Amino acid sequence: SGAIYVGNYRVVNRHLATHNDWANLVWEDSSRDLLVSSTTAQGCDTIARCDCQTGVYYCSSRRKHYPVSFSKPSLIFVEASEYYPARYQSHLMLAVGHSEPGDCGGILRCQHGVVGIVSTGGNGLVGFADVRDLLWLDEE
Ligand SMILES: NC(=O)[C@H]1CCC(=O)N(Cc2cccc(Cl)c2)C1
Ligand SMILES: [Zn+2]
Numbered sequence: 007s008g009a010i011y012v013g014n015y016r017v018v019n020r021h022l023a024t025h026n027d028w029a030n031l032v033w034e035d036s037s038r039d040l041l042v043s044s045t046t047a048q049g050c051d052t053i054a055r056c057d058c059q060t061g062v063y064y065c066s067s068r069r070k071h072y073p074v075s076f077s078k079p080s081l082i083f084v085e086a087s088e089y090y091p092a093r094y095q096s097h098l099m100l101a102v103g104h105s106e107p108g109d110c111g112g113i114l115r116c117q118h119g120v121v122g123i124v125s126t127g128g129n130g131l132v133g134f135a136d137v138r139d140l141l142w143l144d145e146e
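Its first residue numbered 7, the sequence shown is counted upward by one per residue in PDB author numbering.
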């Protein structure tokens with residue numbers, strides 16, 4: 007679990023969104039495993055606007071934050087799970103690191119702010135859904 011709170015927005019993994027999130031839906035994309043809903047209170051996170059390929063992510067299954075190098079956001083094939091059949095997931099970045107399904111939502115950050123959230127994993131790899139291209143998250 008985990009979410010990003012920027013301005014009047016809440017960013018979560020699409021597969022973990024709540025009834026309030028869908029009722030207050032701003033934008034969602036199944037192919038990215040992302041969902042954004044509106045909030046009443048102002049959040050305090052900053053989204054990074056950069057091309058960083060190094061950062062730190064939180065891994066709940068190890069209660070640990072790990073420094074990682076990660077790939078550029080890309081269209082990557084993702085195996086079937088409890089929430090999606092096998093498909094291509096867009097805007098996905100991989101790193102060598104530990105992750106388990108419940109680790110989804112853990113933040114990846116660089117010196118500039120939040121880069122994305124854990125979305126995939128398996129075989130010593132961890133994948134993050136990028137949020138740096140969602141420029142509208144910085145306004146209104
Ligand atoms: N983005 C996806 O398709 C997810 C959907 C939910 C989900 O359980 N997975 C599988 C998964 C396996 C290992 C680590 C992680 Cl973080 C996730 C894939
Ligand atoms: Zn950065």
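Every residue, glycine too, gets a C-beta built ideally from N, C-alpha and C.
With DSSP collapsed to three states, give me the class of residue i.
i	result
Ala29	helix
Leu140	coil
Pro73	strand
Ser96	strand
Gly130	coil
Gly108	helix
When the Cα of residue i is compared with those of the options, which residue comes out closest?
i	options	result
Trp33	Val18, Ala47, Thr46	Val18
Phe76	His21, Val121, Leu140, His25	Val121
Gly103	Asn129, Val84, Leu31	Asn129
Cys110	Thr46, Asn14, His21	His21
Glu146	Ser44, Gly127, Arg138	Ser44
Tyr90	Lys78, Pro107, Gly13, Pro79	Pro107
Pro79	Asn14, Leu31, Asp144, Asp139	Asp139
Among all the DSSP beta bridges, which residues are the ones paired with residue i?
i	result
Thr46	DSSP lists no partner for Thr46.
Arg115	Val62, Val120
residue 150	The structure shown has nothing for residue 150, since the chain only spans 7 to 146.
Confirm, please, whether the CB-CB distance from residue j to residue i is below 8 Å.
i	j	result
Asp39	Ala135	yes
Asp35	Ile10	no
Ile113	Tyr72	no
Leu81	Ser96	yes
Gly119	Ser125	no
Among all residues, which have a Cβ less than 6 Å from at least one non-hydrogen atom of ligand 1, and in what chain order do they fall? This selection yields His21, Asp39, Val84, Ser87, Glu88, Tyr89, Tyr90, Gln95, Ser105, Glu106, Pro107, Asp109, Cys110, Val124, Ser125, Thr126, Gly127, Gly128.
For review: beta carbons within less than 5 Å of any heavy atom in ligand 2: Taking each Cβ in turn, the ones that pass are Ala54, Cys56, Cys58, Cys116, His118.
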